[PDB]
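Student: Mind having a look at this structure? Questions to follow.
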Amino acid sequence: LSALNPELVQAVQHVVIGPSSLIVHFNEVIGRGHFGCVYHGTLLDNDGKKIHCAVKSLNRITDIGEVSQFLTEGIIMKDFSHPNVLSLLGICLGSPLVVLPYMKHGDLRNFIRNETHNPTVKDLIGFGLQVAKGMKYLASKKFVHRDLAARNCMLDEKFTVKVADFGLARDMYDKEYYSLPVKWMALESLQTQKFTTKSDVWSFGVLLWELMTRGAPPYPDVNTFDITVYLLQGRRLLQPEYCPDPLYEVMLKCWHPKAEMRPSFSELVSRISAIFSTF
Ligand SMILES: Fc1cccc(Cc2c[nH]c3ncc(-c4cnn(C5CCNCC5)c4)cc23)c1
């Protein structure tokens with residue numbers, strides 16, 4: 001730790017959580033191992049208020065070169081703050097730690113799939129509008145997500161959706177064993193391996209479809225290899241049973257073959273809030 005550049009150490013100070021500010025409960029995992037080694041933690045603020053948090057041990061980082069790089073992704077993610085984006089509470093310098101807020105209802109996909117939960121069409125559209133608000137913010141900062149899907153959004157105790165699985169919160173589903181999300185990808189990303197805000201808009205379209213079907217898998221009868229030819233033929237996901245026609249018009253616009261013809265996230269927020277307001 002002494003070996004790190006002093007000007008870089010000074011730069012990351014605002015992101016660092018001191019060991020006397022955090023109680024990590026290494027004896028209790030969050031979400032029955034489905035999110036890897038994520039533990040409950042208690043973070044103390046400047047006034048001593050207790051904050052329930054989720055603590056991820058970043059096992060991939062070993063050498064000083066990697067520590068220095070992760071320190072930069074921390075500085076960048078710390079500047080990202082919005083009600084519909086998962087915030088980075090801080091980092092701890094064994095393994096470096098990533099401290100994230102605790103999300104009572106886990107991931108959005110599992111929540112909408114759970115038989116015991118009964119969100120209305122309005123509630124589902126509200127979740128979609130929340131995701132659109134989070135993405136409008138990321139897009140405003142020229143940040144391209146590359147893996148937007150319902151499994152990658154989280155829900156807190158107030159049912160606020162937080163876009164996640166980006167920056168230091170990426171590989172959210174990395175499970176350890178002892179022995180590309182092509183169905184959410186824009187046609188041009190499948191052909192070029194390049195990603196833009198316009199390819200996030202296509203992905204948002206599929207997540208909208210996921211919300212309106214209460215988490216059904218997209219294109220269940222189509223192989224990942226066959227998705228390109230299927231999309232090139234002009235075939236698209238069909239209108240869900242309980243989905244308003246203007247909302248399906250929105251989804252279809254997200255899947256337009258010409259990237260420039262797709263709505264921006266600011267247009268999606270405008271259009272979806274107008275639809276939400278009719279309920
Ligand atoms: F972008 C990320 C990067 C790394 C990790 C993570 C995961 C993560 C962060 N904060 C969390 N806070 C709570 C839960 C969680 C899991 N399951 N549950 C409930 C669900 C209802 N049943 C009881 C358990 C709550 C998971 C997380 C995200």
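Ligands are numbered from 1 in the order shown, residues from 1 within each chain, and chains are lettered A, B, ... in the order they appear in the structure tokens.
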Within 6 Å of ligand 1 (counting only C-alpha atoms and all ligand atoms), which residues show up? I'd like them as a list in words.
Tutor: residues 30, 31, 35, 54, 100, 101, 102, 103, 104, 105, 106, 164, 165, 169, 170 and 172 of chain A
Student: Determine which residues of range 2-213 of chain A DSSP labels as strand (DSSP E or B) from the backbone of this structure, then write them out as an MDAnalysis selection string.
Tutor: chainID A and resid 16 22:29 38:44 50:57 85 90:92 97:101 107 153:155 161:163
Student: Among range 58-227 of chain A, which ones does DSSP assign to helix (DSSP H, G or I) (computed from the backbone)? Answer as JSON, numbers by chain.
Tutor: {"A": [64, 65, 66, 67, 68, 69, 70, 71, 72, 73, 74, 75, 76, 77, 78, 108, 109, 110, 111, 112, 113, 121, 122, 123, 124, 125, 126, 127, 128, 129, 130, 131, 132, 133, 134, 135, 136, 137, 138, 139, 140, 150, 151, 152, 167, 168, 169, 182, 183, 184, 187, 188, 189, 190, 191, 192, 197, 198, 199, 200, 201, 202, 203, 204, 205, 206, 207, 208, 209, 210, 211, 212, 227]}
Student: For the contact check between range 27-98 of chain A and range 8-16 of chain A, emit one row per residue of range 27-98 of chain A within 7 Å, containing the shortest atom pair and the distance in Å rounded to one decimal, counting only C-alpha atoms, chain then rising number order, as a tab-separated table.
Tutor:
```
residue	atom	partner	partner_atom	distance
A:71	CA	A:12	CA	6.5
A:74	CA	A:15	CA	6.7
A:75	CA	A:12	CA	6.0
A:78	CA	A:15	CA	6.6
A:90	CA	A:15	CA	5.0
A:91	CA	A:16	CA	5.1
A:92	CA	A:16	CA	5.9
```
Student: Could you tell me how far CA of residue 191 in chain A lies from CA of residue 141 in chain A, in Å and to one decimal?
Tutor: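 Between CA of residue 191 in chain A and CA of residue 141 in chain A the gap works out to 25.8 Å.
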Student: Please list as a ChimeraX atom specification every residue within 8 Å of range 37-50 of chain A, counting only C-alpha atoms and excluding residues in the same chain fewer than 5 positions away.
Tutor: /A:21-30,55-57,175
Student: Go ahead and compute the interatomic distance for CA of residue 246 in chain A and CA of residue 213 in chain A, in Å to one decimal.
Tutor: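 Rounded to one decimal, the two atoms are 16.1 Å apart.
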Student: Can you measure CA of residue 173 in chain A to CA of residue 88 in chain A for me? One decimal in Å is fine.
Tutor: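 Separation between CA of residue 173 in chain A and CA of residue 88 in chain A: 17.3 Å.
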Student: Find the spatial neighbours of residue 206 in chain A, counting only C-alpha atoms, within a cut-off of 8 Å - ignore same-chain residues fewer than 3 positions away - and output them as a PyMOL selection string.
Tutor: chain A and resi 149+184+202-203+209-210+218+251
Student: Please list as a count of residues only every residue within 12 Å of residue 259 in chain A, counting only C-alpha atoms and excluding residues in the same chain fewer than 5 positions away.
Tutor: 15
Student: Please provide as a ChimeraX atom specification all residues within 12 Å of residue 153 in chain A, with the sequence filter that same-chain residues fewer than 4 positions apart are discarded (counting only C-alpha atoms).
Tutor: /A:84-86,103,105-112,127-128,130-132,134-135,145,147-149,159-166,169-170,172,204,207,210-211
Student: When you count only C-alpha atoms, which of these residues is closest to residue 226 in chain A: A:3, A:190, A:138, A:125?
Tutor: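 Smallest separation from residue 226 in chain A among the options: A:190.
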Student: Check the smallest atom-to-atom distance from each of A:83, A:117, A:142, A:72 to residue 158 in chain A using only C-alpha atoms, then report the winner.
Tutor: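 For residue 158 in chain A, the nearest of the given residues is A:83.
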